[PDB]
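Accompanying notes for the structure given below.
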Amino acid sequence: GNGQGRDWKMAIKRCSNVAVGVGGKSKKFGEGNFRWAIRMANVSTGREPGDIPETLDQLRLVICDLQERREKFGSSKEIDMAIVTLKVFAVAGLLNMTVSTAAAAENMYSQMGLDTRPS
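As structure tokens, then:
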């Protein structure tokens, strides 16, 4: 629960290069995107609104719970945006791995087996 730390800002800064669209013909991820995605995920999964994931493991738990909810209740433009936004924050932010688009981050998140729930 700390979206004010300097490590948090560096994570967002890394994700500033990532595009929401599949090409160079789109927007760039902003800090508002991630705060919205995290908050929307916390409320949906019985977490406190302002709970900020510190480690990668914490974020994966949120993503797993959110994807599970999408599997049970259904998909939508909002919940898909939230899930992919967290995955971008996971790959390009915490792991610091260069991805061009959100689709690339989504693809890297799966290949590295991050979809699997930790223990």
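Numbering (the deposited numbering), first residue to last: 2 to 120.
Quick reminder that beta carbons are idealized off the backbone N, C-alpha and C, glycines included.
Euclidean distance between Cα positions of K78 and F35: 16 Å
Secondary structure of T102, DSSP reduced to three states: strand
Beta-carbon contacts of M98 that lie in its chain and below 7 Å, excluding the five residues immediately before and after: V92, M109
Neighbourhood of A103 by C-beta distance below 6 Å, restricted to the same chain and skipping five residues each side: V21, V85, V89
Inter-stretch contact at 8 Å, needing at least 3 Cβ pairs: the region 61 to 81 / the region 40 to 50: yes
Helix, strand or coil at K28 according to DSSP, with G and I counted as helix: coil
Best match in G47, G114, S111 for proximity to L67 [C-alpha to C-alpha]: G47
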